[PDB]
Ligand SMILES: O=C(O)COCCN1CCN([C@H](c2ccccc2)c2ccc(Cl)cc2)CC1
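Consider the single chain below, provided in structure tokens and representing the form solved without the ligand.
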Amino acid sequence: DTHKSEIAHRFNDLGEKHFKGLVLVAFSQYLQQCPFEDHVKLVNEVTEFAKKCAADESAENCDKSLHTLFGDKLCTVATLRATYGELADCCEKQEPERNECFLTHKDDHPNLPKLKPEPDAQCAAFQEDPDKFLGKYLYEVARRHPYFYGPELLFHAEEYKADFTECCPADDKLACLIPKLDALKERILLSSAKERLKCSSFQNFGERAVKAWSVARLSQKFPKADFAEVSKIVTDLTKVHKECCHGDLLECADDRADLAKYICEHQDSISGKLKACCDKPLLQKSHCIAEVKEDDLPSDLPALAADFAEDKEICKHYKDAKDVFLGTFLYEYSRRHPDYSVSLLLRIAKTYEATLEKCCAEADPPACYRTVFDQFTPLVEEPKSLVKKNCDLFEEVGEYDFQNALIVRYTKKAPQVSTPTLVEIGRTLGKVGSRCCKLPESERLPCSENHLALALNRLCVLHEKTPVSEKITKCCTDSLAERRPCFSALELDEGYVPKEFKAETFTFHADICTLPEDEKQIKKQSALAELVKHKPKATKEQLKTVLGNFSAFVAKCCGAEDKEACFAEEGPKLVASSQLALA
């Protein structure tokens, strides 16, 4: 009665509310186009089956694996071949082939309506049926983010509830909601980006990469913990993210809860910053641990030169246990460098490995590997200069212009990429500056590079969907640690052919005057990308000037009596003269 029914076990432990939540998320992520009602009935059916099994675990089919049961359920969906031309071919297969097929078919750019707040109608729908309202939130977010961290989404759904709980009762109801919903959306976009990076590391580089990344990060966050505790947490967390990215949202949640329990049981040994996190409820606790502030450096951190540089038997220790020795190094170097980005630590660790590989084949390895730490100095200075440079730009020109700079920089790197994707990436990269440049200067490098990694991964995911550029492919697939430097190193692609001019691309009309500011920016930034594509060798200062002229023209005509006549008269001349400005 314990080995028998996995679905009963999961139902019992997780409980009905979370069980149904996670199954809704999983179904919304696998079948992103189906209507809400379809998914709700699937969820209810599955829950019913779980409760029957919980009664009699020896009943028929209660023995079957979670994947088999979820996959079967997905395969009983109305109009599958019509809605999803491919996922039905997946339904011909058994597990685990079927699940791999499903995962293959997930869509990272489903191209759905933007989630626009409607305070009146939303509060109404929230009041008449809260469960249906929060379920809809889960569904809408889950399908817009098919790799979103399942329990994390349940946590955000609870924050969404709290927003509507405090705001709907009175007043504008929109001046209460809109800023809170805007903050929630930014947290959603961030959270998705982090989880997608973890899943992408699994997909593209494997579990050893995910472990290394986790070792680095957790060592930084918990420098007091010893290598055994870090290793344990990393093994557990890796398994957690493996199951979540693999689709096992139930295993995902259950192992995530166990890990939080363990961490809070050993918080004294792990970190002083976990106190607050451990006093909170389940979901909130996991959240808090995931985002916990880094603990203060221990006063008894060991000197590393003696064991990792000066020791004469390093080649023996390395040849004996490559993985273990390298892991120890990474733990030790990371815990004492919260001022480094995770990817920087991974590069340093690769350099350490490469130095040992080289030195241990030569006559006198000792004298060779004695200056290993000194090989880290260039790797450190490069990103520090970049961050310093870009923050100097950000603080001079502000987000918009900084974004414009990045949109130019990346369009020259990859002019074959679609204007929407370039705009999206450029704007995300620009937001990095707003997030990181204001922080204490010690935190600017880690903040900047870690968020850059998220944005570049987003670009790499879109590029997997729609491959256009071999340079992007190489940078996206060669080395996870080297991705940001690889991208930074790209110059203008001179094999590119300037896109043939099309006046309507740069032609504006009065409609733009009604848009909110950000959608107006996006229109202008799209034009900018198109300018670069047409004139790849134009300097960023030329493009900045031309875009200024375009911006001024838009502002004038939007303020005009006959806005449309203003556009009709002015636009064509600006369009013609721009070409000449961009030679």
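Counting begins at 1, following the sequence as shown.
Although not depicted, the form solved in complex with the ligand is the subject of the following passage.
Visitor: Please classify the binding site as open or blocked after superposing the ligand from its position in the entry with it bound; blocked means at least 3 ligand atoms come within 2.4 Å of backbone or C-beta atoms of this form.
Guide: In the entry with it bound, the ligand occupies a site that, on this form, remains open once the ligand is superposed onto it.
Visitor: Sort through 423, 154, 356, 277 and report the residue having a heavy atom within 4.5 Å of the ligand in the entry with it bound.
Guide: None of the others qualify; the residue that does is 154.
Visitor: Counting non-hydrogen atoms within 4.5 angstroms of the ligand in the entry with it bound, say which of 462, 80, 368, 134 makes the cut.
Guide: Answer to the contact question: 134.
Visitor: In terms of non-hydrogen atoms within 4.5 angstroms, which of the given stretches 370-378, 294-302, 135-143, 308-316 touches the ligand in the entry with it bound?
Guide: Selected stretch: 135-143.
Visitor: Within 4.5 Å, heavy atoms only: does residue 563 come near the ligand in the entry with it bound?
Guide: It does not: once the ligand is placed as it appears in the entry with it bound, residue 563 has no heavy atom within 4.5 Å of it.
Visitor: Taking heavy atoms only, is residue 17 within 4.5 angstroms of the ligand in the entry with it bound?
Guide: Residue-level check for residue 17: yes, a contact with the ligand.
Visitor: Since the partner is left out here, which residues of 251-290 would have a heavy atom within 4.5 Å of the ligand in the entry with it bound?
Guide: If the 4.5 Å heavy-atom criterion is applied to the ligand in the entry with it bound, 251-290 yields nothing.
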